[PDB]
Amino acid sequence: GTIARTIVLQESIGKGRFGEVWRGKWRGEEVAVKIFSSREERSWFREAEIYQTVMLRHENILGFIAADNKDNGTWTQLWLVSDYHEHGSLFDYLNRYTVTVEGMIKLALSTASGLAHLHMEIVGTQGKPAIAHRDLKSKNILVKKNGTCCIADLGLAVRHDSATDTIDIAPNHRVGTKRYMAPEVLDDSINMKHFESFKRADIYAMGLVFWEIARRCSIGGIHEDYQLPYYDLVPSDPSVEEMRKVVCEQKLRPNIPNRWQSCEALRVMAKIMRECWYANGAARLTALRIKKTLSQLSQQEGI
């Protein structure tokens, strides 16, 4: 293609389960290129399909540029070109840095604004269907130069046809990162024909993400070391069983240190986390309500 032939790959920045991410230069600008092999076409095509959803572009959704293919003379590579964010993942950003209260609210609100857009159905001729991430985690959220997030890795997404209340790919199996799986996903009680269930499962995962950010918030040089949710209860790369035992049976969640009650911003973040973590998906906050809360918190702080 015309786009892939003009892109120079400079650095392989990640090797995931579906495709490898490269830092490339396009028309003198930095771009991220997700490359898939010939045998990963279904993964590539689906992610292109999601990223090309009508009215998807949003400041807190990774900016998609193009799908393309590149023949190097021996084999074809399937490309997905998108915006490049030098900070990379929220995961890397939180491992590397601590944030201020202003910084924390910025990352949390942008994530919630991006998820609220994804979840929001826009009716019209240029209508946008409601979309559920299904694999929301700190490794799938990128951090922009201005200190705000954007949701990335939309390849596992599902889209809602609101008129019939049917999901475009009618999921029949559990997907996503085990650590971040909602209680109803771990114990397989989730109604996979119920789109609102998927949005609720995303909210649970966002609550875990907020916890990771809040730990790295530095007030009076006090903060926790970076940790994945449940680091204190499950091993690295946990199994569904290891997760179900903790999240569903023992019904534990990431610990909220009492000192988060000391700060107004961490109090708001802690109440949100708790209202994301309810074992019953229906009691959980909606992403739009979280966006409303944090927007109301940000304006006061003066961001």
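Basically, rigid core = biggest C-alpha set you can superpose within 1.5 Å across the two forms. Just count from 1 along the sequence shown to find any residue number.
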query	finding
RMS Cα shift after core superposition in 5 other deposited structures of this protein, winner of 146-154 and 70-78	70-78
Of 269-277 and 53-61, which departs more from this form in 5 other deposited structures of this protein by CA RMS after core fitting	53-61
No coordinates for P171 in a third or more of the other PDB entries	yes
Stretch with the greater mean C-alpha B-factor as recorded in the entry, comparing 193-201 against 213-221	213-221
Comparing 170-178 with 140-148, the one whose average Cα B-factor in the PDB entry is higher	170-178
Top Cα B factor in the deposited entry, candidates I122, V158, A108, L78	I122
C-alpha B-factor winner, where the candidates are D83, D71, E102, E184	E102
Chain-relative CA temperature factor third for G127	highest
Where the record places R259 (Cα B-factor, split into thirds across the chain)	highest
Ranked C-alpha temperature factor of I50 among modelled chain residues, by third	lowest
Third assignment of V33 from its chain's C-alpha B-factors	lowest
Chain thirds of CA B-factor: placement of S12	middle
